[PDB]
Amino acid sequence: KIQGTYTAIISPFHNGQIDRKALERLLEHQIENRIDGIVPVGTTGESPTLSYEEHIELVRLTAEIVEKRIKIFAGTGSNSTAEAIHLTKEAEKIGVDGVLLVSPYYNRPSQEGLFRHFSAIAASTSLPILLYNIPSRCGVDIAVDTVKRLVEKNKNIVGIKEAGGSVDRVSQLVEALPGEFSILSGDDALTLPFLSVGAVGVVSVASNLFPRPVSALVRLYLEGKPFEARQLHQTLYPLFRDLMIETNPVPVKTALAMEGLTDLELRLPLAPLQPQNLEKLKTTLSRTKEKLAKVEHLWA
């Protein structure tokens, strides 16, 4: 099933266009560092500001670069059911392993609306489907009872990126759902507490920067080394916090740009960090590289 560490990749831009050299190198750095899979064109990838063909083209490059070496679950959700079906269908044609479907944002559908929304997309594809609950961005929550009904009637709904900020929600999901069902953390700071109560991995932002250390955190816990896992969690925790110092993906793309790895190009309405937050992030980036160097036996 679906377990481990998945990277929600940024969409690297150069001169107003997709920077393909940047994507290749970033994808290679992930594959080389024990990452289980990639989520292209989600929130971290600035999907709202991609054109439709850029959305499709970003999934196409990712598939071509990765060449089946690790898994790809493309972000293909929408707050239009028809649009999510069309985006999901186009991803299946490219040749992905599955899709990640954020719950409809902004129009706040009822739970029965969510049931028919996700069932209509699930029925439209043979692809495995990960649901994605993030009330803070969407204005609506996928209730546990809705997830359970969805999985009862839709065999290809296999898991959930749970980003509700609530570890209690994970326990509720494990109580209500089969256990082949994969609960993944959607928040780097909460992965270890989610794993402790039955999640099996993470859709990560921080692994854009530190793929082997983030990936080691999950492996350490899953093989029964909770104290070494906690050690790595404490090492990365200040980074986990400052990667949301302003709205993701501005910190993580700024951080990659401070490394030689991408242009600091954002599409409006995202804007660069305010100067004091830029300095905090810069400092946390550096302490993080120091702290990791001292605990290298945990992750290298």
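Numbers for residues come from their place in the sequence shown, where the first is 1.
Peer 1: Would you determine, from the values in the PDB entry, which of 122-130 and 173-181 has the greater average C-alpha temperature factor?
Peer 2: In the deposited entry, the stretch with the higher C-alpha B-factor mean is 173-181.
Peer 1: Going by the B-factors listed in the PDB entry, is the mean over the C-alpha atoms higher for 184-192 or for 216-224?
Peer 2: The deposited B-factors put 216-224 ahead on the C-alpha mean.
Peer 1: Check the PDB entry and point out which of 153, 116, 71, 161 has the largest C-alpha temperature factor.
Peer 2: Of the options given, 71 has the highest CA B-factor in the PDB entry.
Peer 1: By the CA temperature factor listed in this entry, which of these ranks top: 109, 95, 139, 211?
Peer 2: Max CA B-factor in the entry, restricted to 109, 95, 139, 211: 95.
Peer 1: Rank-wise, by C-alpha B-factor, drop residue 166 into the lowest, middle or highest third of its chain.
Peer 2: For residue 166, the deposited C-alpha B-factor lands in the highest third.
Peer 1: Could you say whether, by C-alpha temperature factor, residue 239 belongs to the lowest, middle or highest third of its chain?
Peer 2: Middle third - that is where residue 239 ends up once the chain's C-alpha B-factors are sorted.
Peer 1: Which third of the chain does residue 60 land in by C-alpha B-factor: lowest, middle or highest?
Peer 2: Highest third.
Peer 1: Split into thirds by Cα B-factor across the chain's modelled residues, where does residue 274 land: lowest, middle or highest?
Peer 2: It belongs to the highest third of the chain when residues are ordered by C-alpha B-factor.
Peer 1: Ordered by C-alpha B-factor within the chain, which third holds residue 251? Give me lowest, middle or highest, please.
Peer 2: Within its chain, residue 251 is a lowest-third residue by C-alpha B-factor, going by the deposited values.
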